[PDB]
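Everything on this sheet refers to the single structure shown next.
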Amino acid sequence: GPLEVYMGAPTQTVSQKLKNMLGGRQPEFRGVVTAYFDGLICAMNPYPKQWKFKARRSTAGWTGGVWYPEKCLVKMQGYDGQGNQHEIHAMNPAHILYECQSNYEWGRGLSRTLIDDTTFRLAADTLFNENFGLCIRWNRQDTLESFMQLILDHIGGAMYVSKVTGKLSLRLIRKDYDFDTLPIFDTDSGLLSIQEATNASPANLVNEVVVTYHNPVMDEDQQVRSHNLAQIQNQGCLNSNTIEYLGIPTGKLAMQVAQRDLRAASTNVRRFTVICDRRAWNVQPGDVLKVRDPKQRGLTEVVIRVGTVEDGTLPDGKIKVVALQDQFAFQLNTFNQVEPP
Amino acid sequence: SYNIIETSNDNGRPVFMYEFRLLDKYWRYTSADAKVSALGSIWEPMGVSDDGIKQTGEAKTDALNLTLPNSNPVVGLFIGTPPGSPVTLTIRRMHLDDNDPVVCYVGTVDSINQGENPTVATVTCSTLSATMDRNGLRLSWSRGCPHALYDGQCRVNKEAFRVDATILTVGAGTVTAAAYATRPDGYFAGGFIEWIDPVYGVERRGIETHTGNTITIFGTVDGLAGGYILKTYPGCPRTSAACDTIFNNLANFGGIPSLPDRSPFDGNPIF
Amino acid sequence: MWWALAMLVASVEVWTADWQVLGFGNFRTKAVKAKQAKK
Ligand SMILES: [Fe+3]
């Protein structure tokens, strides 16, 4: 039979037949995707079957208009079935988060001016080049901060507020440092004390990760194994972890995220708690710096990622900087394309 | 030249200035002891004192706790009835002989509570990152639209349904005006009243009930005077018939009357 | 990996728990997030 599909346009109107069918006073269902199947065969008397649909969006349905539209279309090969292969149009997570804070239609809907645009351009810079998209779903809606937590974990970034403007901003945890321009911190250059001086025998860290993602073409969950052979060949029994990465639509990107996590959490994790004078007042969580304590603790001029920071008051001077060993970006190690039959 | 002085080992100057802002209603404070004047404004020396601009990514812990003297109008805005519009706090960090106070914090005034130290109250100011506990649950198909009246989706004109009048007589949690008498009962149920406060500027707060010339407000009364007109807006039952008759906005309605009683396609014979 | 930075407070990653419902239960394929209603 025929099928009327109304896309919920801002000034949408529907045929009177739908309202007669539903009867009585009826709305125009503006803003919502509503499908009307006037076909007489909904089913045979054997009870009707269940339905499914497939759609995608990049620019439609933006309260207040679209933002930075020329980098939202993250296409990538996400085929299910080798001979049935076809690319899928994943969305840019940067635009996902921008919508999360730039539309009143759900959540907070922060005004555009209070969102740091240049930071989301920064995010797009690497999200589009490496082709990290997403196909997440938000059924049975939950707290907004939890959904942003999920998205940030997928991208591996930090949502934060610019120190100067106060606008909401986004950061990504990547390899964006040249290990040359970084400032060197020792007691003679601003370091006051290393509040974390012990070593907790961190040799038996996680050595295997099971990444679970969701292929839209199959429209069901998929899984990827990643073994750090170096740790398995010496430590003995496994220290594995199954991690959730639903919404990632392909095996290539699933592998990228799995490798990122495995190399981040397995390779020489060391937490630095640093007492600092007014030498890092500009330093902001996520920044990078190099620390050196060669004559007391004998650590060899290591580069560290900046985490939590506790800015001081007009008295007491110092700032406490929680710092973490180097993180990593995506890269290619395994060839896990299952390529079903 | 700020950073050079700031990063020096044996050179520096103390200043921590505070800007309390409310739609450009300004208070310029200085934690130092002097009449600091910078950025084209005088930052008076007041007993304000920071407790640390913490940035951990964790809500509650990062709540900037300011010790603010109660006598200030800033705290005065929160005596009994706090402002209906958020107040923003900006901190700046210049030295002396310097003139670029690099801003360091743009949090908002969330809550205030006096206590054991009557000479200064505790002011809690988080930032946008930690205020994201919202329900998220918005659309939720129902027999009535979830749209908030006059919102971006209900889109009922803000001007077509104006009502305003000066207060005939203020009362305990109730107000009376001549214009309200001209309207039918419940015309303002879920509405709100609006006027201008010599300091708050715009003030908007809801109405819980209307009858004749009398109305009742969901919130408290921050003191009202029979001068300025109370720009009063009608509410809505939010039913399809309500949005149709009263507003003539049925074509822009988000509620589904014919939610088919969840007529299933399983379990029992149907169709 | 922001979970990895979230666990920066740890005393050093195995877990055992059930889930608080999210948008997984499927009745409409979504090659891209158009969000969804809730009923
Ligand atoms: Fe309405």
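Chains: A, B, ... in order of the structure tokens. Residues: from 1 per chain. Ligands: from 1, in order shown.
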### Query
Which residues of chain A are close to chain B, meaning at most 6 Å apart when you count only C-alpha atoms, and how do they look as a PyMOL selection string?
chain A and resi 27-28+48+106-107+141-145+163-164+166+278-279+308-313
Using only N, CA, C and O atoms, please write the residues we just selected to a file, as a JSON list (two decimals), in the first residue's frame.
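What ended up in result.json:
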[["chain", "number", "residue", "atom", "x", "y", "z"],
["A", 27, "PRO", "N", -3.40, 17.31, 15.87],
["A", 27, "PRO", "CA", -2.36, 18.29, 15.53],
["A", 27, "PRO", "C", -1.74, 18.03, 14.17],
["A", 27, "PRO", "O", -2.15, 17.10, 13.47],
["A", 28, "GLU", "N", -0.76, 18.84, 13.78],
["A", 28, "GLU", "CA", 0.00, 18.62, 12.56],
["A", 28, "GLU", "C", 1.29, 17.86, 12.79],
["A", 28, "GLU", "O", 2.03, 17.60, 11.84],
["A", 48, "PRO", "N", -0.02, -9.06, 13.35],
["A", 48, "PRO", "CA", 0.92, -8.29, 12.53],
["A", 48, "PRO", "C", 2.36, -8.40, 13.01],
["A", 48, "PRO", "O", 2.63, -8.55, 14.20],
["A", 106, "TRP", "N", 16.18, 19.69, 24.02],
["A", 106, "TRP", "CA", 16.41, 18.67, 25.03],
["A", 106, "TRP", "C", 17.69, 19.01, 25.78],
["A", 106, "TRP", "O", 18.65, 19.50, 25.18],
["A", 107, "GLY", "N", 17.69, 18.76, 27.07],
["A", 107, "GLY", "CA", 18.86, 19.03, 27.91],
["A", 107, "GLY", "C", 18.85, 20.47, 28.41],
["A", 107, "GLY", "O", 17.84, 20.94, 28.91],
["A", 141, "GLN", "N", 15.49, 8.11, 27.69],
["A", 141, "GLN", "CA", 16.49, 9.15, 27.93],
["A", 141, "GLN", "C", 16.91, 9.20, 29.39],
["A", 141, "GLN", "O", 16.12, 8.95, 30.31],
["A", 142, "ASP", "N", 18.19, 9.52, 29.60],
["A", 142, "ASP", "CA", 18.78, 9.59, 30.93],
["A", 142, "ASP", "C", 19.38, 10.96, 31.19],
["A", 142, "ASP", "O", 19.20, 11.89, 30.39],
["A", 143, "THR", "N", 20.10, 11.12, 32.30],
["A", 143, "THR", "CA", 20.70, 12.40, 32.63],
["A", 143, "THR", "C", 21.68, 12.83, 31.54],
["A", 143, "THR", "O", 22.42, 12.01, 30.98],
["A", 144, "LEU", "N", 21.68, 14.13, 31.24],
["A", 144, "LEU", "CA", 22.47, 14.63, 30.12],
["A", 144, "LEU", "C", 23.96, 14.46, 30.38],
["A", 144, "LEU", "O", 24.72, 14.09, 29.48],
["A", 145, "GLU", "N", 24.41, 14.72, 31.61],
["A", 145, "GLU", "CA", 25.82, 14.56, 31.92],
["A", 145, "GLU", "C", 26.29, 13.14, 31.68],
["A", 145, "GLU", "O", 27.43, 12.92, 31.26],
["A", 163, "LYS", "N", 39.19, 29.30, 30.86],
["A", 163, "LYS", "CA", 39.52, 30.09, 32.04],
["A", 163, "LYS", "C", 39.19, 31.56, 31.82],
["A", 163, "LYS", "O", 38.75, 32.25, 32.75],
["A", 164, "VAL", "N", 39.39, 32.06, 30.60],
["A", 164, "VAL", "CA", 39.26, 33.50, 30.36],
["A", 164, "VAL", "C", 37.81, 33.87, 30.07],
["A", 164, "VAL", "O", 37.22, 34.71, 30.76],
["A", 166, "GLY", "N", 34.96, 31.91, 30.08],
["A", 166, "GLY", "CA", 33.92, 31.22, 30.80],
["A", 166, "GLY", "C", 33.02, 30.38, 29.92],
["A", 166, "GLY", "O", 32.16, 29.66, 30.45],
["A", 278, "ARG", "N", 53.55, 29.76, 41.49],
["A", 278, "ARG", "CA", 52.92, 30.48, 40.38],
["A", 278, "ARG", "C", 53.78, 30.36, 39.13],
["A", 278, "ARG", "O", 54.15, 31.36, 38.51],
["A", 279, "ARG", "N", 54.09, 29.12, 38.75],
["A", 279, "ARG", "CA", 54.83, 28.82, 37.54],
["A", 279, "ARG", "C", 53.95, 28.19, 36.47],
["A", 279, "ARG", "O", 54.34, 28.16, 35.30],
["A", 308, "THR", "N", 43.64, 17.04, 36.97],
["A", 308, "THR", "CA", 43.01, 17.95, 37.91],
["A", 308, "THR", "C", 44.01, 18.99, 38.42],
["A", 308, "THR", "O", 45.18, 18.68, 38.67],
["A", 309, "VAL", "N", 43.54, 20.22, 38.57],
["A", 309, "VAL", "CA", 44.36, 21.33, 39.06],
["A", 309, "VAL", "C", 43.56, 22.08, 40.11],
["A", 309, "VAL", "O", 42.37, 22.34, 39.94],
["A", 310, "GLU", "N", 44.23, 22.43, 41.21],
["A", 310, "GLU", "CA", 43.61, 23.13, 42.34],
["A", 310, "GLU", "C", 44.25, 24.51, 42.45],
["A", 310, "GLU", "O", 45.25, 24.69, 43.14],
["A", 311, "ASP", "N", 43.65, 25.49, 41.78],
["A", 311, "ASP", "CA", 44.16, 26.86, 41.84],
["A", 311, "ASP", "C", 44.08, 27.38, 43.27],
["A", 311, "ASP", "O", 43.14, 27.09, 44.01],
["A", 312, "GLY", "N", 45.10, 28.16, 43.66],
["A", 312, "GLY", "CA", 45.20, 28.62, 45.03],
["A", 312, "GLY", "C", 44.50, 29.95, 45.27],
["A", 312, "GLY", "O", 44.06, 30.64, 44.35],
["A", 313, "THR", "N", 44.41, 30.31, 46.55],
["A", 313, "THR", "CA", 43.84, 31.57, 46.98],
["A", 313, "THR", "C", 44.92, 32.65, 47.01],
["A", 313, "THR", "O", 46.09, 32.39, 46.72]]
### Task
List the neighbours of residue 68 (chain B) out to 9 Å using only C-alpha atoms; skip same-chain residues closer than 2 positions along the sequence, and give me the result as a list in words.
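Here the qualifying residues turn out to be residues 46, 47, 48, 49, 66, 70, 71, 72, 74, 75, 119, 120, 121, 122 and 123 of chain B.
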Save out the residues we just selected, N, CA and C atoms, as an mmCIF file, in the first residue's frame.
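Dumped to result.cif:
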data_model
loop_
_atom_site.group_PDB
_atom_site.id
_atom_site.type_symbol
_atom_site.label_atom_id
_atom_site.label_comp_id
_atom_site.auth_asym_id
_atom_site.auth_seq_id
_atom_site.Cartn_x
_atom_site.Cartn_y
_atom_site.Cartn_z
ATOM 1 N N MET B 46 36.870 45.163 49.679
ATOM 2 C CA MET B 46 35.840 44.583 50.523
ATOM 3 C C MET B 46 36.331 43.251 51.077
ATOM 4 N N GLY B 47 35.652 42.777 52.119
ATOM 5 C CA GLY B 47 36.099 41.616 52.865
ATOM 6 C C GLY B 47 35.906 40.285 52.166
ATOM 7 N N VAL B 48 35.837 40.294 50.840
ATOM 8 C CA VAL B 48 35.710 39.060 50.076
ATOM 9 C C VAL B 48 37.028 38.298 50.130
ATOM 10 N N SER B 49 36.936 36.971 50.121
ATOM 11 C CA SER B 49 38.121 36.122 50.186
ATOM 12 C C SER B 49 37.815 34.795 49.512
ATOM 13 N N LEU B 66 32.906 31.349 48.493
ATOM 14 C CA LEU B 66 33.343 32.705 48.794
ATOM 15 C C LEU B 66 32.827 33.142 50.158
ATOM 16 N N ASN B 70 28.012 40.116 54.682
ATOM 17 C CA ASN B 70 26.562 40.107 54.521
ATOM 18 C C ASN B 70 26.032 41.488 54.163
ATOM 19 N N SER B 71 26.662 42.540 54.689
ATOM 20 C CA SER B 71 26.151 43.889 54.479
ATOM 21 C C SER B 71 26.131 44.277 53.009
ATOM 22 N N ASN B 72 26.873 43.571 52.160
ATOM 23 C CA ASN B 72 26.894 43.908 50.751
ATOM 24 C C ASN B 72 25.513 43.693 50.134
ATOM 25 N N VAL B 74 25.134 42.385 47.358
ATOM 26 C CA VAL B 74 25.239 41.091 46.687
ATOM 27 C C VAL B 74 24.560 40.013 47.521
ATOM 28 N N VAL B 75 24.893 39.950 48.812
ATOM 29 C CA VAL B 75 24.172 39.054 49.709
ATOM 30 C C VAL B 75 22.750 39.551 49.916
ATOM 31 N N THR B 119 29.727 38.019 59.915
ATOM 32 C CA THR B 119 30.355 39.101 59.169
ATOM 33 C C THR B 119 30.609 38.744 57.710
ATOM 34 N N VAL B 120 30.484 37.473 57.335
ATOM 35 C CA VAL B 120 30.653 37.042 55.949
ATOM 36 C C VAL B 120 29.830 35.782 55.730
ATOM 37 N N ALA B 121 29.091 35.746 54.627
ATOM 38 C CA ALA B 121 28.323 34.572 54.249
ATOM 39 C C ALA B 121 29.130 33.686 53.306
ATOM 40 N N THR B 122 28.639 32.466 53.111
ATOM 41 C CA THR B 122 29.248 31.508 52.199
ATOM 42 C C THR B 122 28.484 31.537 50.882
ATOM 43 N N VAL B 123 29.193 31.821 49.793
ATOM 44 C CA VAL B 123 28.610 31.897 48.459
ATOM 45 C C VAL B 123 29.209 30.770 47.630
#
#### Entry: All alpha helix (DSSP H) positions in region 25-159 of chain B, as a list in words
residues 73, 74, 75 and 76 of chain B
Would you save the residues from that selection as a PDB file, in the first residue's frame, using N, CA and C atoms?
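To be explicit, this is the file written out as selection.pdb:
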ATOM      1  N   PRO B  73      25.138  44.506  49.144  1.00  0.00           N
ATOM      2  CA  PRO B  73      23.900  44.220  48.405  1.00  0.00           C
ATOM      3  C   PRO B  73      23.941  42.897  47.668  1.00  0.00           C
ATOM      4  N   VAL B  74      25.134  42.385  47.358  1.00  0.00           N
ATOM      5  CA  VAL B  74      25.239  41.091  46.687  1.00  0.00           C
ATOM      6  C   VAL B  74      24.560  40.013  47.521  1.00  0.00           C
ATOM      7  N   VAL B  75      24.893  39.950  48.812  1.00  0.00           N
ATOM      8  CA  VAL B  75      24.172  39.054  49.709  1.00  0.00           C
ATOM      9  C   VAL B  75      22.750  39.551  49.916  1.00  0.00           C
ATOM     10  N   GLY B  76      22.558  40.872  49.954  1.00  0.00           N
ATOM     11  CA  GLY B  76      21.222  41.412  50.130  1.00  0.00           C
ATOM     12  C   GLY B  76      20.245  40.923  49.081  1.00  0.00           C
TER      13      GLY B  76
END
### Task
Write out as number ranges by chain every residue belonging to chain A that has an atom at most 7 Å from any atom of chain C, counting only C-alpha atoms.
A: 52-57, 88-91, 135-141, 152-153, 156-157, 200, 216, 219, 241, 261
#### Entry: Nearby residues (only C-alpha atoms) at most 8 Å from residue 293 (chain A), same-chain spacing under 6 positions excluded, as a PyMOL selection string
chain A and resi 186-187+299-301
### Message
List as a list in words the protein and nucleic acid residues near residue 185 (chain B), meaning an atom at most 7 Å away when only C-alpha atoms are counted, but skip any in the same chain fewer than 5 places from it.
### Response
residues 210, 211 and 212 of chain B
Take the residues from that selection and write them out as a PDB file, in the first residue's frame, keeping N, CA, C and O atoms.
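Result file selection27.pdb:
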ATOM      1  N   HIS B 210      -5.627  31.570  39.652  1.00  0.00           N
ATOM      2  CA  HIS B 210      -6.282  32.844  39.396  1.00  0.00           C
ATOM      3  C   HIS B 210      -7.773  32.707  39.663  1.00  0.00           C
ATOM      4  O   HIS B 210      -8.365  31.649  39.438  1.00  0.00           O
ATOM      5  N   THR B 211      -8.373  33.793  40.146  1.00  0.00           N
ATOM      6  CA  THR B 211      -9.816  33.831  40.378  1.00  0.00           C
ATOM      7  C   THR B 211     -10.241  35.285  40.491  1.00  0.00           C
ATOM      8  O   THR B 211      -9.736  36.010  41.355  1.00  0.00           O
ATOM      9  N   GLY B 212     -11.166  35.706  39.633  1.00  0.00           N
ATOM     10  CA  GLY B 212     -11.621  37.085  39.675  1.00  0.00           C
ATOM     11  C   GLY B 212     -10.453  38.039  39.570  1.00  0.00           C
ATOM     12  O   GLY B 212      -9.624  37.946  38.656  1.00  0.00           O
TER      13      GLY B 212
END
### Task
Grab the CA of residue 210 (chain A) to CA of residue 333 (chain A) distance for me, in Å with one decimal place.
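We find that CA of residue 210 (chain A) and CA of residue 333 (chain A) lie 15.1 Å from each other.
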### Message
Give me, as number ranges by chain, all polymer residues having an atom no more than 10 Å from residue 277 (chain A), counting only C-alpha atoms and skipping those fewer than 2 positions away in the same chain.
### Response
A: 189-193, 274-275, 279-281, 312, 316-320; B: 7-9
### Query
Pick the closest to chain C from B:186, B:180, B:262, B:98: which is it, counting only C-alpha atoms?
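Counting only C-alpha atoms, the residue closest to chain C is B:262.
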